[PDB]
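To start, the structure itself, in structure tokens.
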Amino acid sequence: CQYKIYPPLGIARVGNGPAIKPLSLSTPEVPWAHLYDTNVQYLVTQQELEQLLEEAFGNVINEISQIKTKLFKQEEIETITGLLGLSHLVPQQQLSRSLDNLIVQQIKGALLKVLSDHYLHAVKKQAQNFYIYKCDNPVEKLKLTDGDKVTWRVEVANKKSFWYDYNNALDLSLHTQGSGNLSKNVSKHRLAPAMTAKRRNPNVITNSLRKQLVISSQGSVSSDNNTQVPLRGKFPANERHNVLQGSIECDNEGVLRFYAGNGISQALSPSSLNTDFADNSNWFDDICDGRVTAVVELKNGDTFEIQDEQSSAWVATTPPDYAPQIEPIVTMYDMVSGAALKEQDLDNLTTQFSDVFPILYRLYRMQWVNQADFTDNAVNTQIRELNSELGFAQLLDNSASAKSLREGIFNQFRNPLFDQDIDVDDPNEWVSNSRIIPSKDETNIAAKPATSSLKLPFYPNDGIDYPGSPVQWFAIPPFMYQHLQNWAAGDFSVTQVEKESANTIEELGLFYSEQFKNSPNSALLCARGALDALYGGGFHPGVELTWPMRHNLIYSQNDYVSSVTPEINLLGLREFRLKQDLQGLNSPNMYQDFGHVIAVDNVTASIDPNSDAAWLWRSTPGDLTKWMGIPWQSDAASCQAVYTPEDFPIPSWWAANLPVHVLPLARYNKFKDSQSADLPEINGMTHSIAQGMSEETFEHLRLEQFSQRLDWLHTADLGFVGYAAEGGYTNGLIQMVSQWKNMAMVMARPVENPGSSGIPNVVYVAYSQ
Amino acid sequence: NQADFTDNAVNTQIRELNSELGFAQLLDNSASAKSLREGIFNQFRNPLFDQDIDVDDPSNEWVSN
Ligand SMILES: [Mg+2]
């Protein structure tokens, strides 16, 4: 092995912001890098656009005054147009049309308003950088000397419209001995049976014609030329719509940058409405995923092909992350780690405190995107109590005097064995005696009173379809619940250096974030950062990817490498690679399926890598995302709260990436100021009223404003606006196709002088119109 | 059912026979009546479900034509 690509699985997220570096974001390459960064701009700002324009006006001024005095005309027009390299951001004529209708300041002002209509407040694209690392096992990024060149290739596809309905995760009925991600109890006791699933777009018959339902494109860029190349397909493939699946550029140092599409979903007819959460015929979106390879050409003639599955990479595109600094409690990098573990080996797992802190830390931070974790979570309140007395470090104590404290917390978490809080129906059905989540199909018979408390966390899960099944609700996976169980029993290790930085949960998080920043394994951190912001459960189907990712069968390699720090694990770093069909879009299995339906029996038959059904795991382009909802906006609109007859806690699906209850800019502007602020308006009050009231009442008002959380579905018009509006679930799905780009985007923001109010110095604020 | 009134060729052929008082040829098992019996028989769907199909990429799938 000579050279490798990192990350092994790259992620790029759709956005209506442009595909240029100054106005786009980059997938995290180091976990926890910017959790408290109050300068983040995830939407396109006026200042960014203004900056971008003067850089085009940075020359131009000499040239326009030269025909200023030579007096517009249609090619006065074009000489002005040509020198502002802006035709890659807005169409030709929109620029010209805005000029023929009307002093340098009035071409700027006219042009600025064009970029502002297109891009102001636009959801920035989250692009993925890919790097070549020299090997011995990675040591260092490839460094091009003159004469050296790298050539990247990327082939992507979308098969959602070709694939099968998503009713629930087929692996729920897969016979297994159990993994780190999924206990054998689910299948063996039939807690959430996999359903059969029919074909999407079932009126397209014969494999030959169904090939039209698959969108695909490809392209190559080298280090000799940084011109951006689009990845443009057609639906249906070869009336007919172009689909920008992404774009790719490569800089002189050899870094590939991959931009996802614009977020465009569309039906073939306007009357075809996306009223189901996942399976809507006649629809296509611009989500893709596919195979990333490269070729390295040194000047001494030598050439190294980066093509095999150990060395090359994959890219998937996904919905946007509406709260980039709020991390899911269980992440896709956790599914990778769990997949390499066998359930009956968890007794040999060793536990440091840095392996359980992510669970408590991520759950604690869910308060900014989900009401239940802000006002109805007894463990997050216990953490606040410890913070308020600088006594968070007792959670790091593994001795007997702290066992009552650890155990009290651990006992509130749901056991992924799904064998607690159940009455066994006369032996063999497992029926929960905790709070169930009813079906919308009501039955006017008295509910059975619950006898056991509702465990944590309060999120729905793979088995939602089945009222009373313990798998309705989410549990941290087997290996992560094992870490938490060892912690509660005392069987864990932790360093004095950790203890000294552990007076509050924020201080320890900052400390651990520094351990990531200085760990010398950039190739493996980049591989883990790509996946640590993605969700890892529940899968119904989820947000970015779904249940195949939690099986080792999808990886050609999955190995523990090292801890993050020699003394600090932090759930570790791994070297993993997806299984790949090396023929790519030319694979003979590109267009394979299981006939009229897919069922767990097909999955069972795919376990054997020699069998005829093993292609399921050997990915061709489009295989990772084809499972998800078509269009994704129907999925996102479906991904919110699931109300129970009991008001609280409100259950939520995936609040860390698709938030449910957020803190809007409106409220931020009403608590961010102090009473002493030198502003004519203070927290939405006149100066005089703000400073006339007592300090007690002022801070109280701040805290009340801070406490107001707004349904995220209400941050744009999803069908509830206007007199007599219907609103409702279905209109949400329909409207999200256009409104996804207007939904609130959560960003860290400062509170310089919280005083006595109880508002932290960093708050997470939802920005929308 | 309308299709059996105005769109069923076998009902119509029965009509033709009835109109000539010639329905008894259907009870003829001889060779001279074979074409007539076959003509009605070949219009019926076969419950083997293996006619009027194209085998898609034989794993094999039966797709009606
Ligand atoms: Mg997030």
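Quick note on naming: the chains in the structure tokens go A, B, ... in the order shown, residues restart at 1 in each chain, and ligands are numbered from 1 in order of appearance.
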| message | Using only C-alpha atoms and all ligand atoms, which residues have at least one atom no more than 10 Å from ligand 1? Output them as a PyMOL selection string. | response | chain A and resi 320-329+366+369+532-535+654-659+745-746
| message | Give me, as a list in words, all polymer residues having an atom no more than 8 Å from stretch 40-50 of chain B, counting only C-alpha atoms and skipping those fewer than 3 positions away in the same chain. | response |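 Here the answer would be residues 10, 36, 37, 53 and 62 of chain B.
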Residues as selected, C-alpha atoms, written as a PDB file, in the first residue's frame, can you do that?
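So again.pdb came out as:
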```pdb
ATOM      1  CA  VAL B  10     -66.640 -15.917 -26.107  1.00  0.00           C
ATOM      2  CA  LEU B  36     -64.155 -24.674 -32.723  1.00  0.00           C
ATOM      3  CA  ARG B  37     -63.378 -25.989 -29.255  1.00  0.00           C
ATOM      4  CA  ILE B  53     -44.573 -13.349 -20.157  1.00  0.00           C
ATOM      5  CA  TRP B  62     -41.770 -13.162 -14.987  1.00  0.00           C
TER       6      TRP B  62
END
```
| Would you list which chain B residues are within 7 Å of chain A using only C-alpha atoms, as a PyMOL selection string? | chain B and resi 56+61+63
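Restricting the calculation to only C-alpha atoms, the smallest distance between residue A:300 and any of A:631, A:147, A:178, A:755 is found for A:147.
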| task | Pick out each residue of chain B that DSSP on the backbone tags as alpha helix (DSSP H); I need them as a VMD selection string. | result | chain B and resid 3 to 6 9 to 19 34 to 41
Same residues, N, CA and C atoms, saved as an mmCIF file, in the first residue's frame:
```cif
data_model
loop_
_atom_site.group_PDB
_atom_site.id
_atom_site.type_symbol
_atom_site.label_atom_id
_atom_site.label_comp_id
_atom_site.auth_asym_id
_atom_site.auth_seq_id
_atom_site.Cartn_x
_atom_site.Cartn_y
_atom_site.Cartn_z
ATOM 1 N N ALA B 3 -68.344 -5.641 -19.519
ATOM 2 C CA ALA B 3 -67.408 -6.320 -20.418
ATOM 3 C C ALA B 3 -67.933 -7.679 -20.883
ATOM 4 N N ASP B 4 -68.701 -8.364 -20.040
ATOM 5 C CA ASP B 4 -69.274 -9.651 -20.414
ATOM 6 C C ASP B 4 -70.527 -9.517 -21.276
ATOM 7 N N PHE B 5 -71.063 -8.303 -21.398
ATOM 8 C CA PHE B 5 -72.203 -8.002 -22.255
ATOM 9 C C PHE B 5 -71.739 -7.548 -23.645
ATOM 10 N N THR B 6 -70.769 -6.637 -23.713
ATOM 11 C CA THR B 6 -70.381 -5.958 -24.946
ATOM 12 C C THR B 6 -68.896 -6.103 -25.276
ATOM 13 N N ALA B 9 -65.574 -11.839 -26.337
ATOM 14 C CA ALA B 9 -65.724 -12.521 -27.610
ATOM 15 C C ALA B 9 -66.284 -13.922 -27.438
ATOM 16 N N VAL B 10 -66.151 -14.540 -26.256
ATOM 17 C CA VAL B 10 -66.640 -15.917 -26.107
ATOM 18 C C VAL B 10 -68.144 -15.930 -25.840
ATOM 19 N N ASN B 11 -68.622 -14.965 -25.062
ATOM 20 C CA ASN B 11 -70.055 -14.786 -24.928
ATOM 21 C C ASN B 11 -70.691 -14.487 -26.274
ATOM 22 N N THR B 12 -70.003 -13.709 -27.116
ATOM 23 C CA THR B 12 -70.569 -13.323 -28.404
ATOM 24 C C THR B 12 -70.632 -14.521 -29.337
ATOM 25 N N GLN B 13 -69.590 -15.352 -29.332
ATOM 26 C CA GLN B 13 -69.623 -16.549 -30.162
ATOM 27 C C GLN B 13 -70.725 -17.501 -29.713
ATOM 28 N N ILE B 14 -70.964 -17.595 -28.407
ATOM 29 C CA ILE B 14 -72.090 -18.386 -27.926
ATOM 30 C C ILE B 14 -73.386 -17.831 -28.499
ATOM 31 N N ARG B 15 -73.543 -16.504 -28.436
ATOM 32 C CA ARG B 15 -74.690 -15.858 -29.060
ATOM 33 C C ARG B 15 -74.839 -16.327 -30.495
ATOM 34 N N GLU B 16 -73.752 -16.280 -31.267
ATOM 35 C CA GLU B 16 -73.816 -16.698 -32.671
ATOM 36 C C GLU B 16 -74.349 -18.126 -32.804
ATOM 37 N N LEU B 17 -73.825 -19.038 -31.993
ATOM 38 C CA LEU B 17 -74.300 -20.414 -32.006
ATOM 39 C C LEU B 17 -75.758 -20.503 -31.586
ATOM 40 N N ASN B 18 -76.105 -19.889 -30.452
ATOM 41 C CA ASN B 18 -77.500 -19.883 -30.031
ATOM 42 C C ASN B 18 -78.414 -19.437 -31.168
ATOM 43 N N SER B 19 -78.013 -18.402 -31.924
ATOM 44 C CA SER B 19 -78.889 -17.820 -32.944
ATOM 45 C C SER B 19 -79.142 -18.774 -34.108
ATOM 46 N N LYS B 34 -62.799 -29.707 -33.539
ATOM 47 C CA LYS B 34 -61.623 -29.368 -32.746
ATOM 48 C C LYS B 34 -61.265 -27.892 -32.862
ATOM 49 N N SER B 35 -61.193 -27.363 -34.089
ATOM 50 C CA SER B 35 -60.918 -25.936 -34.247
ATOM 51 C C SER B 35 -61.881 -25.103 -33.417
ATOM 52 N N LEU B 36 -63.155 -25.501 -33.386
ATOM 53 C CA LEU B 36 -64.155 -24.674 -32.723
ATOM 54 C C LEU B 36 -63.940 -24.702 -31.217
ATOM 55 N N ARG B 37 -63.639 -25.887 -30.679
ATOM 56 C CA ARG B 37 -63.378 -25.989 -29.255
ATOM 57 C C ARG B 37 -62.065 -25.311 -28.905
ATOM 58 N N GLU B 38 -61.033 -25.473 -29.742
ATOM 59 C CA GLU B 38 -59.760 -24.820 -29.450
ATOM 60 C C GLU B 38 -59.903 -23.309 -29.493
ATOM 61 N N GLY B 39 -60.708 -22.799 -30.420
ATOM 62 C CA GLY B 39 -60.832 -21.363 -30.541
ATOM 63 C C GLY B 39 -61.362 -20.722 -29.276
ATOM 64 N N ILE B 40 -62.298 -21.385 -28.606
ATOM 65 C CA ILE B 40 -62.772 -20.869 -27.327
ATOM 66 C C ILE B 40 -61.753 -21.127 -26.223
ATOM 67 N N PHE B 41 -61.137 -22.308 -26.221
ATOM 68 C CA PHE B 41 -60.221 -22.631 -25.130
ATOM 69 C C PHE B 41 -59.032 -21.666 -25.085
#
```
| message | Rounded to one decimal, what separation in Å do you get between atom CA of residue A:721 and atom CA of residue A:645? | response |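 That distance, rounded to one decimal, is 26.0 Å.
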| query | Looking at only C-alpha atoms, which of A:574, A:680, A:148, A:284 is the one that sits closest to residue A:223? | reply |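 Looking at the shortest contact to residue A:223, the residue is A:148.
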| Distance criterion (only C-alpha atoms): nearest to residue A:711 out of A:689, A:94, A:368, A:545 | A:368
| Sel. of strand (DSSP E or B) residues, stretch 570-761 of chain A, as a list in words |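 Selection result, strand (DSSP E or B) within stretch 570-761 of chain A: residues 573, 574, 575, 576, 577, 578, 580, 597, 598, 619, 630, 641, 652, 661, 662, 664, 681, 682, 685, 686, 710, 711, 745, 746, 747, 748, 749 and 750 of chain A.
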Could those residues be written to a file, using C-alpha atoms, as a compact mmCIF listing (two decimals), in the first residue's frame?
```txt
# COMPACT_ATOMS: atom_id res chain seq x y z
CA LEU A 573 -9.99 6.01 16.27
CA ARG A 574 -10.51 3.33 13.61
CA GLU A 575 -9.38 2.46 10.11
CA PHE A 576 -12.48 1.46 8.16
CA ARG A 577 -13.32 1.04 4.51
CA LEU A 578 -16.66 0.42 2.80
CA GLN A 580 -16.87 -1.50 -3.04
CA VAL A 597 -40.67 -7.12 -3.02
CA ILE A 598 -37.67 -6.99 -0.73
CA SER A 619 -21.58 -0.96 -2.97
CA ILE A 630 -37.68 10.18 -1.90
CA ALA A 641 -42.16 15.21 17.21
CA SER A 652 -38.62 13.67 19.04
CA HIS A 661 -37.86 23.13 19.58
CA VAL A 662 -35.40 25.97 18.95
CA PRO A 664 -35.18 31.87 17.74
CA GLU A 681 -33.22 49.56 22.72
CA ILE A 682 -32.26 46.97 25.34
CA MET A 685 -37.49 47.51 25.55
CA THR A 686 -36.86 51.24 25.39
CA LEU A 710 -40.40 27.72 18.98
CA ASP A 711 -41.46 24.68 17.03
CA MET A 745 -30.42 27.25 11.19
CA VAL A 746 -29.05 26.97 14.74
CA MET A 747 -25.76 28.80 15.46
CA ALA A 748 -23.77 29.44 18.63
CA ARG A 749 -24.00 33.07 19.78
CA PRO A 750 -22.53 34.96 22.76
```
